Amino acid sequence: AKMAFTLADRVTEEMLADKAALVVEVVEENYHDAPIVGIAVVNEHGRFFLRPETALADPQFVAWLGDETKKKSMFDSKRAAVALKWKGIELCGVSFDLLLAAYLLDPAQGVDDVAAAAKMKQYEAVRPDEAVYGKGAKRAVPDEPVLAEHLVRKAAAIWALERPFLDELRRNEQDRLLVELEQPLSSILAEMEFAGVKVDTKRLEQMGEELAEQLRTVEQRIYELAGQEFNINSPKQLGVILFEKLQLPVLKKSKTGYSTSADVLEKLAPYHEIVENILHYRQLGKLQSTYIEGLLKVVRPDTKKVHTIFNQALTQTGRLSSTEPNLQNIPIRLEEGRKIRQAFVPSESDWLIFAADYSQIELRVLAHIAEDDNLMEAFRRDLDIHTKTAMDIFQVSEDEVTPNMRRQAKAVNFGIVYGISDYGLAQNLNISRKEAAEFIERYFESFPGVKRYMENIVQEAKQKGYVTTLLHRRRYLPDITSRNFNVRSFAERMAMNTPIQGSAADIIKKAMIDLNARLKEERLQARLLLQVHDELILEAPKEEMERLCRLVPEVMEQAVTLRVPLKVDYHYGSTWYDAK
């Protein structure tokens, strides 16, 4: 049952064909500066396993890796590329990435190893990585014969599966999406991760000192007001103090017991002085543990940088996610929190952070796809979209829009951009399900084109089995036909939301590719550091700011041509915080 291969102790020319499946195995979850445990090559001449100390010290092998005209098929090529970048080796000529191919074919499969991709085409001659490496504490690299066979089987699966994946992509009109968008983006992301983002650890540490002291003050005040010490961070213990000792009313239960969420506690504040102090404690503790301690833990002491990993094959919308650290949820809303962004600084002296963000990209996409005359007109006039929505829903003039009217309109706009239920909108606005339904109804009378689009997109999802984005990304929605109402409704909302959010993701990904090309053409030293859904963050010499002010917004604005303009705001400063 053992697949034939050559366990090479030296590199030979027949290993360096100009078309090959390549496995460069990094087993550590976080691949930054991580070991490469083994290498496998499959090509028309046979199957080969190479030890990394052998292969990666071979000038011919390394040149082969770096020759763009020697084509390679891989799985998760960014992992390999980055691990190699840390060893000073460049990987080029990756013409097919099976991870990204499987992701585009069906993002809900959750394909995370070669075995899971292979299964989609009834190929099972490869083991899941979890079966070979083990799980958790038991995770280990096996002995060489077991390792070697695994890597060769992965490589053989890649070799076999390229053709059928490419054929289905083509049938779906997704072949360009793979080859011209996701794969090129993967190289750009690899560069971004490798560059990293410099952190002023001293400033974070001082902030942590300050928080630590404010926490101790509040924590003591909590115990005074409770008349005893307890674990504030245990919703169980807190529940007993609040709802039993202090007899506060129970406005919401959870599966386990009593809810202690911020929104419940906010309704309880008038009853007892402990509640505000709990909320304050939760806010500070969140900052301290998730953003000060959580960032400090993942700063590389060697670089003084954080090197995130972007997961390009996770979301069902096509958005990127970010880990270790997650840089897509750094506080912005509250000033105390926002100050965390002061710790993200340029990696060189006399460089600055430059940030550019799309203004209402999701609603502008909606205008374009729905062709709603009112929404299209609003963006053609570059109106404040929330004020304009308030004017229409409440049928008032601009100077009759009150702050609460605007807040409520904005909540409706948010519910559209994120596909939330009427229940969700109700929770968000602290109103009844019924009143939420009336708001939504008023919206559709002002934007009948959006209503029509919603109805049409759901019918299309029902007919075809899936919805698509501008750039041909697909999401299958088998629950759209369910008889469970909550199940069906969620799927209908995903039918509505996905073309919106997915198309925005498509646009920014194209912008990133276009921007990388232009930065090179223009000979700038500016580099992309991060993407945060609708914004791009770069660092550059201070001497490049004026050029980037013109360059970056134009590249982002012209990424696609919609029925409405795209608009990009930008800022720069000495820290990410100041780039506001």
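One-based numbering along the sequence shown. Between two forms, the rigid core is defined as the largest C-alpha subset superposing within 1.5 Å.
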Stretch farther from the shown model on average in 5 other deposited structures of this protein, with CA RMS computed after core superposition (411-419, 170-178)
411-419
Top-deviation stretch by C-alpha RMS in 5 other deposited structures of this protein (rigid core reference), from 90-98, 432-440, is 432-440
Is the mean CA B factor in the deposited entry higher across 484-492 or across 100-108?
484-492
Quick note on 136-144 and 455-463: per-entry mean CA temperature factor is higher in 136-144
Just grab whichever of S95, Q206, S187, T308 has the top CA B-factor as deposited.
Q206
Just grab whichever of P164, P331, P346, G502 has the top CA B-factor as deposited.
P331
Lowest, middle or highest third: where is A57 by Cα B-factor in its chain?
highest
Name the third of the chain's ranked CA B-factors that contains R380, choosing lowest, middle or highest.
lowest
What third of the chain, by the recorded C-alpha B-factor, contains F447?
middle
Is the Cα B-factor recorded for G415 in the lowest, middle or highest third of its chain?
middle
Relative to the other modelled residues in the chain, which third contains the C-alpha temperature factor of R474: lowest, middle or highest?
lowest
